[PDB]
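Note: the block below is model_30.pdb and it holds PDB, C-alpha atoms.
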```
MODEL        1
ATOM      1  CA  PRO X 208       7.119 -84.617 -12.606  1.00  0.00           C
ATOM      2  CA  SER X 209       6.480 -81.852 -10.088  1.00  0.00           C
ATOM      3  CA  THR X 210       2.712 -81.797  -9.628  1.00  0.00           C
ATOM      4  CA  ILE X 211       1.011 -79.066  -7.595  1.00  0.00           C
ATOM      5  CA  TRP X 212      -2.012 -81.204  -6.768  1.00  0.00           C
ATOM      6  CA  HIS X 213      -2.808 -84.816  -7.683  1.00  0.00           C
ATOM      7  CA  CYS X 214      -1.505 -85.684 -11.162  1.00  0.00           C
ATOM      8  CA  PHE X 215      -1.817 -82.062 -12.316  1.00  0.00           C
ATOM      9  CA  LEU X 216       1.022 -79.756 -13.321  1.00  0.00           C
ATOM     10  CA  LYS X 217       1.241 -75.983 -13.018  1.00  0.00           C
ATOM     11  CA  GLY X 218      -0.762 -74.179 -15.677  1.00  0.00           C
ATOM     12  CA  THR X 219      -3.770 -76.342 -14.986  1.00  0.00           C
ATOM     13  CA  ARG X 220      -7.110 -74.905 -13.870  1.00  0.00           C
ATOM     14  CA  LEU X 221      -9.195 -76.573 -11.182  1.00  0.00           C
ATOM     15  CA  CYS X 222     -12.924 -76.508 -10.490  1.00  0.00           C
ATOM     16  CA  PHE X 223     -14.392 -78.936  -7.960  1.00  0.00           C
ATOM     17  CA  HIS X 224     -18.178 -78.647  -7.920  1.00  0.00           C
ATOM     18  CA  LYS X 225     -17.725 -80.061  -4.421  1.00  0.00           C
ATOM     19  CA  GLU X 226     -16.994 -76.485  -3.384  1.00  0.00           C
ATOM     20  CA  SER X 227     -18.428 -73.082  -4.244  1.00  0.00           C
ATOM     21  CA  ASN X 228     -15.517 -72.928  -6.696  1.00  0.00           C
ATOM     22  CA  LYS X 229     -17.789 -73.117  -9.739  1.00  0.00           C
ATOM     23  CA  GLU X 230     -15.257 -70.965 -11.534  1.00  0.00           C
ATOM     24  CA  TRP X 231     -11.697 -71.561 -12.677  1.00  0.00           C
ATOM     25  CA  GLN X 232      -8.959 -71.488 -10.066  1.00  0.00           C
ATOM     26  CA  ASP X 233      -5.282 -72.353 -10.449  1.00  0.00           C
ATOM     27  CA  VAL X 234      -3.843 -75.576  -9.045  1.00  0.00           C
ATOM     28  CA  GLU X 235      -1.526 -73.489  -6.939  1.00  0.00           C
ATOM     29  CA  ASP X 236      -4.658 -71.804  -5.625  1.00  0.00           C
ATOM     30  CA  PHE X 237      -6.373 -74.930  -4.304  1.00  0.00           C
ATOM     31  CA  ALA X 238      -3.022 -76.402  -3.296  1.00  0.00           C
ATOM     32  CA  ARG X 239      -2.441 -73.249  -1.239  1.00  0.00           C
ATOM     33  CA  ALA X 240      -5.948 -73.320   0.229  1.00  0.00           C
ATOM     34  CA  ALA X 241      -5.557 -76.993   1.061  1.00  0.00           C
ATOM     35  CA  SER X 242      -2.039 -76.361   2.360  1.00  0.00           C
ATOM     36  CA  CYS X 243      -3.237 -78.049   5.539  1.00  0.00           C
ATOM     37  CA  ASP X 244      -4.306 -81.653   4.843  1.00  0.00           C
ATOM     38  CA  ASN X 245      -6.924 -81.566   7.567  1.00  0.00           C
ATOM     39  CA  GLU X 246      -8.627 -78.923   9.643  1.00  0.00           C
ATOM     40  CA  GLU X 247     -10.547 -81.477  11.717  1.00  0.00           C
ATOM     41  CA  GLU X 248     -10.303 -79.126  14.691  1.00  0.00           C
ATOM     42  CA  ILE X 249     -11.674 -76.119  12.799  1.00  0.00           C
ATOM     43  CA  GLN X 250     -13.153 -76.840   9.360  1.00  0.00           C
ATOM     44  CA  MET X 251     -13.232 -80.464   8.273  1.00  0.00           C
ATOM     45  CA  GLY X 252     -13.204 -81.006   4.527  1.00  0.00           C
ATOM     46  CA  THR X 253      -9.865 -79.360   3.795  1.00  0.00           C
ATOM     47  CA  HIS X 254      -7.873 -82.363   2.610  1.00  0.00           C
ATOM     48  CA  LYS X 255      -5.963 -83.813  -0.335  1.00  0.00           C
ATOM     49  CA  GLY X 256      -8.749 -86.394  -0.090  1.00  0.00           C
ATOM     50  CA  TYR X 257     -10.873 -85.821  -3.181  1.00  0.00           C
ATOM     51  CA  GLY X 258      -9.358 -88.060  -5.828  1.00  0.00           C
ATOM     52  CA  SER X 259      -7.148 -89.931  -3.390  1.00  0.00           C
ATOM     53  CA  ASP X 260      -7.877 -93.192  -5.193  1.00  0.00           C
ATOM     54  CA  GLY X 261      -8.097 -91.714  -8.622  1.00  0.00           C
ATOM     55  CA  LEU X 262      -9.889 -89.418 -11.031  1.00  0.00           C
ATOM     56  CA  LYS X 263     -11.902 -91.283 -13.635  1.00  0.00           C
ATOM     57  CA  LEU X 264     -12.478 -89.333 -16.815  1.00  0.00           C
ATOM     58  CA  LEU X 265     -16.260 -89.092 -17.249  1.00  0.00           C
ATOM     59  CA  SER X 266     -16.440 -86.776 -20.255  1.00  0.00           C
ATOM     60  CA  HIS X 267     -14.108 -84.598 -22.319  1.00  0.00           C
ATOM     61  CA  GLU X 268     -14.467 -81.292 -24.131  1.00  0.00           C
ATOM     62  CA  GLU X 269     -11.896 -79.545 -26.326  1.00  0.00           C
ATOM     63  CA  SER X 270     -12.390 -75.814 -26.021  1.00  0.00           C
ATOM     64  CA  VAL X 271     -10.425 -72.593 -26.271  1.00  0.00           C
ATOM     65  CA  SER X 272      -9.668 -70.670 -23.090  1.00  0.00           C
ATOM     66  CA  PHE X 273      -8.488 -67.048 -23.340  1.00  0.00           C
ATOM     67  CA  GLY X 274      -6.865 -67.843 -26.685  1.00  0.00           C
ATOM     68  CA  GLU X 275      -5.310 -71.097 -25.519  1.00  0.00           C
ATOM     69  CA  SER X 276      -6.625 -74.456 -26.685  1.00  0.00           C
ATOM     70  CA  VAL X 277      -7.345 -76.641 -23.667  1.00  0.00           C
ATOM     71  CA  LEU X 278      -8.174 -80.185 -22.709  1.00  0.00           C
ATOM     72  CA  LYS X 279     -11.266 -80.114 -20.545  1.00  0.00           C
ATOM     73  CA  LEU X 280     -11.922 -83.251 -18.549  1.00  0.00           C
ATOM     74  CA  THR X 281     -14.765 -83.913 -16.145  1.00  0.00           C
ATOM     75  CA  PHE X 282     -13.372 -86.291 -13.537  1.00  0.00           C
ATOM     76  CA  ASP X 283     -14.857 -88.714 -11.033  1.00  0.00           C
ATOM     77  CA  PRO X 284     -13.428 -89.649  -7.598  1.00  0.00           C
ATOM     78  CA  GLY X 285     -15.230 -92.976  -7.851  1.00  0.00           C
ATOM     79  CA  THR X 286     -18.388 -91.522  -6.444  1.00  0.00           C
ATOM     80  CA  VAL X 287     -18.896 -88.264  -8.291  1.00  0.00           C
ATOM     81  CA  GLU X 288     -21.598 -87.344  -5.797  1.00  0.00           C
ATOM     82  CA  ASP X 289     -18.800 -85.795  -3.728  1.00  0.00           C
ATOM     83  CA  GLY X 290     -18.666 -83.253  -6.527  1.00  0.00           C
ATOM     84  CA  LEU X 291     -17.688 -83.244 -10.219  1.00  0.00           C
ATOM     85  CA  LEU X 292     -14.141 -82.021 -10.800  1.00  0.00           C
ATOM     86  CA  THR X 293     -13.608 -80.127 -14.030  1.00  0.00           C
ATOM     87  CA  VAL X 294     -10.174 -79.283 -15.404  1.00  0.00           C
ATOM     88  CA  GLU X 295      -8.839 -77.124 -18.221  1.00  0.00           C
ATOM     89  CA  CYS X 296      -5.282 -78.101 -19.127  1.00  0.00           C
ATOM     90  CA  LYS X 297      -2.891 -78.040 -22.084  1.00  0.00           C
ATOM     91  CA  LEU X 298      -2.938 -80.554 -24.935  1.00  0.00           C
ATOM     92  CA  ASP X 299       0.365 -82.001 -23.775  1.00  0.00           C
ATOM     93  CA  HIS X 300      -0.817 -82.631 -20.224  1.00  0.00           C
ATOM     94  CA  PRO X 301       0.307 -86.084 -19.005  1.00  0.00           C
ATOM     95  CA  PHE X 302      -2.203 -88.135 -17.035  1.00  0.00           C
ATOM     96  CA  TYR X 303      -1.186 -91.188 -15.017  1.00  0.00           C
ATOM     97  CA  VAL X 304      -3.864 -93.575 -16.226  1.00  0.00           C
ATOM     98  CA  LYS X 305      -4.563 -96.579 -14.029  1.00  0.00           C
ATOM     99  CA  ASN X 306      -3.292 -99.888 -15.480  1.00  0.00           C
ATOM    100  CA  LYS X 307      -1.627 -98.025 -18.346  1.00  0.00           C
ATOM    101  CA  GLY X 308       0.774 -95.543 -16.838  1.00  0.00           C
ATOM    102  CA  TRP X 309       1.626 -92.123 -18.218  1.00  0.00           C
ATOM    103  CA  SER X 310      -0.985 -91.463 -20.877  1.00  0.00           C
ATOM    104  CA  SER X 311      -2.246 -88.422 -22.781  1.00  0.00           C
ATOM    105  CA  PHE X 312      -4.385 -87.160 -25.675  1.00  0.00           C
ATOM    106  CA  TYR X 313      -1.450 -86.083 -27.840  1.00  0.00           C
ATOM    107  CA  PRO X 314       1.276 -88.542 -26.703  1.00  0.00           C
ATOM    108  CA  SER X 315       3.551 -87.623 -29.601  1.00  0.00           C
ATOM    109  CA  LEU X 316       3.384 -84.032 -28.357  1.00  0.00           C
ATOM    110  CA  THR X 317       3.529 -84.841 -24.634  1.00  0.00           C
ATOM    111  CA  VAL X 318       6.922 -86.536 -24.934  1.00  0.00           C
ATOM    112  CA  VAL X 319       8.266 -83.538 -26.851  1.00  0.00           C
ATOM    113  CA  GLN X 320       6.943 -81.053 -24.318  1.00  0.00           C
ATOM    114  CA  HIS X 321       7.492 -82.829 -20.980  1.00  0.00           C
ATOM    115  CA  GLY X 322       9.976 -85.478 -22.077  1.00  0.00           C
ATOM    116  CA  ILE X 323       7.504 -88.163 -21.037  1.00  0.00           C
ATOM    117  CA  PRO X 324       6.475 -90.876 -23.540  1.00  0.00           C
ATOM    118  CA  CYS X 325       2.776 -91.390 -22.933  1.00  0.00           C
ATOM    119  CA  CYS X 326       0.099 -93.898 -23.934  1.00  0.00           C
ATOM    120  CA  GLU X 327      -3.321 -93.123 -25.445  1.00  0.00           C
ATOM    121  CA  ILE X 328      -6.040 -92.534 -22.818  1.00  0.00           C
ATOM    122  CA  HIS X 329      -9.661 -93.570 -23.269  1.00  0.00           C
ATOM    123  CA  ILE X 330     -12.875 -91.949 -22.054  1.00  0.00           C
ATOM    124  CA  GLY X 331     -13.249 -93.480 -18.630  1.00  0.00           C
ATOM    125  CA  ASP X 332      -9.576 -93.825 -17.810  1.00  0.00           C
ATOM    126  CA  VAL X 333      -8.827 -92.989 -14.202  1.00  0.00           C
ATOM    127  CA  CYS X 334      -5.817 -90.889 -13.244  1.00  0.00           C
ATOM    128  CA  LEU X 335      -3.701 -91.648 -10.170  1.00  0.00           C
ATOM    129  CA  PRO X 336      -1.884 -89.148  -7.909  1.00  0.00           C
ATOM    130  CA  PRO X 337       1.733 -89.327  -6.634  1.00  0.00           C
ATOM    131  CA  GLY X 338       1.790 -91.607  -3.622  1.00  0.00           C
ATOM    132  CA  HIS X 339      -0.977 -93.912  -4.800  1.00  0.00           C
ATOM    133  CA  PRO X 340       0.276 -97.537  -4.453  1.00  0.00           C
ATOM    134  CA  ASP X 341      -1.192 -98.341  -7.874  1.00  0.00           C
ATOM    135  CA  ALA X 342       0.850 -95.581  -9.509  1.00  0.00           C
ATOM    136  CA  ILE X 343       3.937 -97.754  -9.934  1.00  0.00           C
ATOM    137  CA  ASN X 344       6.124 -95.342 -11.894  1.00  0.00           C
ATOM    138  CA  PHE X 345       5.342 -91.734 -11.058  1.00  0.00           C
TER     139      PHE X 345
ENDMDL
END
```
Have the structure of the file written as structure tokens, please.
Amino acid sequence: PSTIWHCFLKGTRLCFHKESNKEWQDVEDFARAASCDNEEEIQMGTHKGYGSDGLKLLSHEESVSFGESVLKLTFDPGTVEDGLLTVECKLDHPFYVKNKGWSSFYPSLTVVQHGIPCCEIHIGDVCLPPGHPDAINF
């Protein structure tokens, strides 16, 4: 799949409490902001670093955003003290769950929508990004 950031597709909304981005941004927005993977010379922090090992689902809410039903997951980079990452995505959003592979909340729907047969996730399942050595089949 063509992810914009981490294991997230386009049409996903990002909110890292690590930043002042307390409100909903697009993936393409943060991906664009973090276009440089390090501004060590100017402003350190800008990096595809948050969630480099994985995003562990802490809690989940199913809400309706602007008329669209969404999957809201509060993620953990391992030490959430970096900043809680909250995401509103579609019901058919595939998540590369560690040890399991491509998993989702509505796997029967996910495969119909993205053509990817997915496993059932569980609260506390960590999601891996493309390039992570533990993500065997991304």
Excluding same-chain residues fewer than 2 positions from residue X:278, what lies within 9 Å of it counting all atoms listed in the file, as an MDAnalysis selection string? chainID X and resid 267:271 276 280 294:300 312
Suppose you want the space between atom CA of residue X:337 and atom CA of residue X:286; what is it in Å? 20.2 Å
Go through X:232, X:320, X:315, X:210 and flag the residue nearest residue X:345, using only C-alpha atoms for the distances.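 So, comparing all the options, the nearest one is X:210.
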Using the chain letters and numbers from this file, what does the PyMOL selection byres ((chain X and resi 265) around 12) select? Give the answer as a PDB file with C-alpha atoms, in the coordinates of the input.
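Output (out36.pdb):
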```
ATOM      1  CA  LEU X 262      -9.889 -89.418 -11.031  1.00  0.00           C
ATOM      2  CA  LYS X 263     -11.902 -91.283 -13.635  1.00  0.00           C
ATOM      3  CA  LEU X 264     -12.478 -89.333 -16.815  1.00  0.00           C
ATOM      4  CA  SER X 266     -16.440 -86.776 -20.255  1.00  0.00           C
ATOM      5  CA  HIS X 267     -14.108 -84.598 -22.319  1.00  0.00           C
ATOM      6  CA  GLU X 268     -14.467 -81.292 -24.131  1.00  0.00           C
ATOM      7  CA  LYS X 279     -11.266 -80.114 -20.545  1.00  0.00           C
ATOM      8  CA  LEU X 280     -11.922 -83.251 -18.549  1.00  0.00           C
ATOM      9  CA  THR X 281     -14.765 -83.913 -16.145  1.00  0.00           C
ATOM     10  CA  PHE X 282     -13.372 -86.291 -13.537  1.00  0.00           C
ATOM     11  CA  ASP X 283     -14.857 -88.714 -11.033  1.00  0.00           C
ATOM     12  CA  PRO X 284     -13.428 -89.649  -7.598  1.00  0.00           C
ATOM     13  CA  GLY X 285     -15.230 -92.976  -7.851  1.00  0.00           C
ATOM     14  CA  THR X 286     -18.388 -91.522  -6.444  1.00  0.00           C
ATOM     15  CA  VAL X 287     -18.896 -88.264  -8.291  1.00  0.00           C
ATOM     16  CA  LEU X 291     -17.688 -83.244 -10.219  1.00  0.00           C
ATOM     17  CA  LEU X 292     -14.141 -82.021 -10.800  1.00  0.00           C
ATOM     18  CA  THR X 293     -13.608 -80.127 -14.030  1.00  0.00           C
ATOM     19  CA  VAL X 294     -10.174 -79.283 -15.404  1.00  0.00           C
ATOM     20  CA  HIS X 329      -9.661 -93.570 -23.269  1.00  0.00           C
ATOM     21  CA  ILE X 330     -12.875 -91.949 -22.054  1.00  0.00           C
ATOM     22  CA  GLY X 331     -13.249 -93.480 -18.630  1.00  0.00           C
ATOM     23  CA  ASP X 332      -9.576 -93.825 -17.810  1.00  0.00           C
ATOM     24  CA  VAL X 333      -8.827 -92.989 -14.202  1.00  0.00           C
ATOM     25  CA  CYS X 334      -5.817 -90.889 -13.244  1.00  0.00           C
TER      26      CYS X 334
END
```
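One finds atom CA of residue X:213 at 8.1 Å from atom CA of residue X:255.
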Would you work out the distance separating atom CA of residue X:335 from atom CA of residue X:248, expressed in Å to one decimal?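 Atom CA of residue X:248 lies at a distance of 28.6 Å from atom CA of residue X:335.
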Which is closer to residue X:313 than all the others in X:254, X:289, X:339, X:277, using only C-alpha atoms?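 Going through X:254, X:289, X:339, X:277 one by one, the smallest distance to residue X:313 is for X:277.
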Could you spell out the hits of the PyMOL selection byres ((chain X and resi 309) around 12) on the shown file, as a PyMOL selection string? chain X and resi 208+214+299-308+310-314+317-318+321-328+332-337+342-345
Coordinates of box centre and edge lengths for stretch 251-257 of chain X, 5 Å on every side, axis-aligned, as lines of an AutoDock Vina configuration file:
```
center_x = -9.6
center_y = -82.9
center_z = 2.5
size_x = 17.3
size_y = 17.0
size_z = 21.5
```
Nearest to residue X:234 by atom-to-atom distance, counting all atoms listed in the file, from X:216, X:338, X:249, X:261: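 That would be X:216, the residue with the smallest distance to residue X:234.
The shortest atom-to-atom distance to residue X:341, with all atoms listed in the file taken into account, belongs to X:259 out of X:230, X:275, X:218, X:259.
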Go through X:212, X:274, X:217, X:231 and flag the residue nearest residue X:256, using all atoms listed in the file for the distances.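 Of the candidates, the smallest distance to residue X:256 is held by X:212.
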Counting all atoms listed in the file, figure out which residue out of X:227, X:219, X:209, X:253 gets nearest to residue X:240. X:253
